[PDB]
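Read through the structure below, which is laid out as structure tokens, and then see the notes.
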Amino acid sequence: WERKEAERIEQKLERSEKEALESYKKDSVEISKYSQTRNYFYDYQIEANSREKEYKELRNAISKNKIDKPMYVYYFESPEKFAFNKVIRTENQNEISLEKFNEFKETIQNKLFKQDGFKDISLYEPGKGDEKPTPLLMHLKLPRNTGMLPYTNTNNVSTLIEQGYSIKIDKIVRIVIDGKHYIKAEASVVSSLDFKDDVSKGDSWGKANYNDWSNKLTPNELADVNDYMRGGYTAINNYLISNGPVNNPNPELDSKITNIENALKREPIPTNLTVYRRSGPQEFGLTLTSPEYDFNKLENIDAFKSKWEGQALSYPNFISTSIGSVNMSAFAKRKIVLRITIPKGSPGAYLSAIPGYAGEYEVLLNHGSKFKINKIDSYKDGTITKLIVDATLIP
Amino acid sequence: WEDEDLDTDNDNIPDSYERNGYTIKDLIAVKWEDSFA
Amino acid sequence: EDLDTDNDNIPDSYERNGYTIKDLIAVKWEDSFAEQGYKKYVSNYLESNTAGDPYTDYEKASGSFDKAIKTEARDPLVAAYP
Amino acid sequence: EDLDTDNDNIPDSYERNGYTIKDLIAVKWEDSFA
Amino acid sequence: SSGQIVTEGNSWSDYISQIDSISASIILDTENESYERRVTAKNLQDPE
Amino acid sequence: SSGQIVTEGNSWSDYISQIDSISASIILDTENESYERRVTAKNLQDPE
Amino acid sequence: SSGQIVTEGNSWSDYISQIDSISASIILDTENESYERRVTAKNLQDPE
Ligand SMILES: [Ca+2]
Ligand SMILES: [Ca+2]
Ligand SMILES: [Ca+2]
Ligand SMILES: [Ca+2]
């Protein structure tokens, strides 16, 4: 019956997705890698990539079919995807010690990890005749109305999905499969709003959510915020970095800070949202001339992840970020991109709501905001390897 | 090892729970207590 | 060591020298195990099915097959055969 | 709240206390709906 | 996977021998209805 | 959408009861020709 | 895909003609048992 359902669902596909699926059956790894890191380029390459049409039609085919109930999936995942740089056990070893289990449990206590690519999954437990490439097994509960495309292989049937969410691990236990120890993790999907390339859709959402926000502001504070974001945001942030109220207190800027904070506090974000901000080395306590800014050698990336991944963050100033993820000529030289998930109910406002050029879809957050970094990944950008940071805003 | 997070046979019940005693409530195995009877 | 040429989840030296199964994991044989009722097994480290029957060496030694099969067919050198 | 133990698109408290369907979404029961 | 009940391909003969090999049989007769059961029994010659 | 038509396994019997349950039947009987139709009708007892 | 032996669908007739086309046949008669073999022979008209 599963084969018949797969045949039925694949019959109604049109041709373009037909050769897309056929090409996926032989070049899975490269297509998956491209789909993982595709939205961090300029507007030119994304339209100019040789695989953009492939990805578009594959995504459409996947999104054609959706499930009406939550259901479970099973797949093997590398522990490196969950910010674990060590090895649980070798591929020839049979057992995992208590120390490695404890370390892996400690690494994933309270964190959320984002998955952003294609993946082959199974609707049944991995019994005999399957492959066990990693010592980590995932029991993932997919939410309602998510894409799921069953396609018949040469002999068996396999299913492909598109990851667009962030998952958290509840419990991990050690199990035995055919005389080898594995780690089984029960994970749940946490929903969030992400506009990877639909910058138009994100802008429309910002309009629909914050166009009337300005009408809720008292005119004096409204004009205050407008003029400040227009001209003096640089000065305010520069004053805030130096801990101005601590060193040289002055009310001419404390009033500005309070007004901006109250304006942001007036209307909070209603739904979980992801924002992309191109950060600089000066933010991370580095300089452009610093040797660690060269992310081409593996040693620099490894040291940066060792000393920064999994730690916290704190910005005394305000944070300006864009809903879209595509690179711009304004921040072309910045090698670090900050990926931030905004929990529902947190303070923040859409600056671009007001008419005119209010910014690059800018979003403001309250001062003294703190973040937790979960994982760090690197993607190629022309002739240099740039770096991506996943962070979660915390109250 | 020394924790109740072992599922050797992979059947959603911890090893020590099967060894000593358990019951099901809210579709989750819990440790047996005499007051449950 | 930890080499597994035939991918039956039993190390080559274990198959060559002797082993037994406890907690569904193969371990090195020790003479004190016989007093507790354990059996010592040896098998072909280059072949996954030493006896040529449909069950691998690990499945036979661990008793991870049909429970209705006789207990003597649990060692890799005796075929499970009707 | 938002717990769904049996994964049938209806929250636990809704099933316990009473619900109805409008626009294909389960909502809390109110006496005026009758 | 969809949550429907299926009976095709599920055969009791695949489990009859295995159940009989590791169990004891107990029968209660009463006067109007008979009950037959199998209860798992431990093999003391196997340490595992 | 590629112009391919399949009729195997597409049974009309799966829809006859459903169509007859929610429709009204209208027949037009002209000279040497007849027409039978089913038109969907609203249920006023169902607010949804 | 597992270690199981499968025989269904593996027909010798798919290979009989190909084996006969590229081989020489040798028979040893002996006394109480006969042996027939096929040995691959090189074609000297084909440089490849
Ligand atoms: Ca268990
Ligand atoms: Ca071996
Ligand atoms: Ca072997
Ligand atoms: Ca429910």
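Chains as they are written, first to last, in my numbering: chain A, 49 to 443; chain B, 64 to 100; chain C, 140 to 221; chain D, 1073 to 1106; chain E, 815 to 862; chain F, 815 to 862; chain G, 815 to 862. Note that CB positions come from ideal geometry on N, CA and C, so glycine has one too.
Which residues does DSSP pair with residue i in a beta bridge?
i	result
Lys-232(A)	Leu-185(A), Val-221(A)
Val-93(B)	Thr-86(B)
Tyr-122(A)	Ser-170(A), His-187(A)
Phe-161(A)	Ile-215(A)
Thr-266(A)	Its beta-bridge partners do not exist; DSSP assigns none.
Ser-171(C)	Answer by DSSP bridge pairing: none, since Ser-171(C) is not bridged.
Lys-434(A)	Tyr-427(A)
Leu-321(A)	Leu-241(A), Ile-390(A)
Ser-837(E)	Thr-854(E)
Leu-69(B)	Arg-222(A)
Is residue i helix, strand or coil when you go by DSSP?
i	result
residue 4(A)	Within the shown structure, residues of chain A are numbered from 49 to 443, placing residue 4(A) beyond reach of any answer.
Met-277(A)	helix
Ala-212(C)	helix
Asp-843(F)	strand
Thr-306(A)	helix
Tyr-199(A)	strand
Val-181(C)	coil
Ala-439(A)	strand
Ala-190(C)	coil
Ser-362(A)	strand
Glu-850(G)	strand
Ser-825(E)	coil
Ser-206(A)	strand
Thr-369(A)	strand
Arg-326(A)	strand
residue 870(G)	Residue 870(G) lies beyond the range of chain G shown here (815 to 862); nothing can be said about it.
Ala-380(A)	coil
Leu-61(A)	coil
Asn-295(A)	helix
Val-77(A)	helix
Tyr-258(A)	helix
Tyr-220(C)	coil
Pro-150(C)	coil
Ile-349(A)	helix
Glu-67(A)	helix
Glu-331(A)	coil
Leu-288(A)	helix
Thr-282(A)	helix
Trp-64(B)	coil
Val-820(G)	coil
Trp-49(A)	coil
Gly-250(A)	helix
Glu-340(A)	helix
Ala-200(C)	helix
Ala-207(C)	coil
Based on Cα-Cα distance, which residue from the options lies nearest to residue i?
i	options	result
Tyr-199(A)	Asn-344(A), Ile-209(A), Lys-129(A)	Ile-209(A)
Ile-289(A)	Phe-332(A), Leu-312(A), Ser-83(A)	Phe-332(A)
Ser-815(E)	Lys-117(A), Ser-71(A), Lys-244(A), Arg-137(A)	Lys-117(A)
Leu-106(A)	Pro-395(A), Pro-174(A), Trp-253(A), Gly-165(A)	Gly-165(A)
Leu-190(A)	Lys-112(A), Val-237(A), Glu-55(A), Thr-182(A)	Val-237(A)
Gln-59(A)	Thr-854(F), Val-820(F), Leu-858(F)	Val-820(F)
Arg-851(G)	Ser-827(G), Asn-824(G), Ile-833(G), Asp-828(G)	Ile-833(G)
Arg-137(A)	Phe-130(A), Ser-145(A), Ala-131(A)	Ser-145(A)
residue 773(G)	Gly-817(G), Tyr-829(G), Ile-836(G)	In this structure chain G extends from 815 to 862, so residue 773(G) is not present and cannot be described.
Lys-355(A)	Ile-367(A), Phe-366(A), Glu-340(A)	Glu-340(A)
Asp-218(A)	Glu-234(A), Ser-206(A), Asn-193(A)	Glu-234(A)
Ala-190(C)	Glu-140(C), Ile-160(C), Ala-219(C), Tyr-153(C)	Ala-219(C)
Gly-227(A)	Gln-141(A), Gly-212(A), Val-135(A)	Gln-141(A)
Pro-403(A)	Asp-260(A), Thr-306(A), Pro-316(A)	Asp-260(A)
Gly-416(A)	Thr-389(A), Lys-104(A), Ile-367(A)	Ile-367(A)
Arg-63(A)	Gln-93(A), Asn-201(A), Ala-96(A), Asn-108(A)	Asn-108(A)
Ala-855(F)	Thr-844(F), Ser-839(F), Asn-846(F)	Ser-839(F)
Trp-168(C)	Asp-162(C), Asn-156(C), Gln-175(C)	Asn-156(C)
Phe-124(A)	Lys-180(A), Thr-207(A), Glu-70(A)	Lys-180(A)
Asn-365(A)	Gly-393(A), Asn-291(A), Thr-389(A)	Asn-291(A)
Quiz item: Where are the alpha helix (DSSP H) runs, 4 residues long or more, that stay fully inside the stretch 384-424 of chain A, in chain order?
Solution: With a minimum length of 4 residues, no continuous alpha helix (DSSP H) run stays inside the stretch 384-424 of chain A.
Quiz item: Which full runs of the alpha helix (DSSP H) of 4+ residues lie inside the stretch 84-161 of chain A, going along the chain?
Solution: Contiguous alpha helix (DSSP H) elements confined to the stretch 84-161 of chain A occur at 91-96, 100-112, 146-155, taking only those with 4 or more residues.
Quiz item: ligand 4: which residues have Cβ under 5 Å from any of its heavy atoms, chain order?
Solution: Cβ-based neighbours of ligand 4 within the cut-off: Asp-1076(D), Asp-1078(D), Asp-1080(D), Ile-1082(D).
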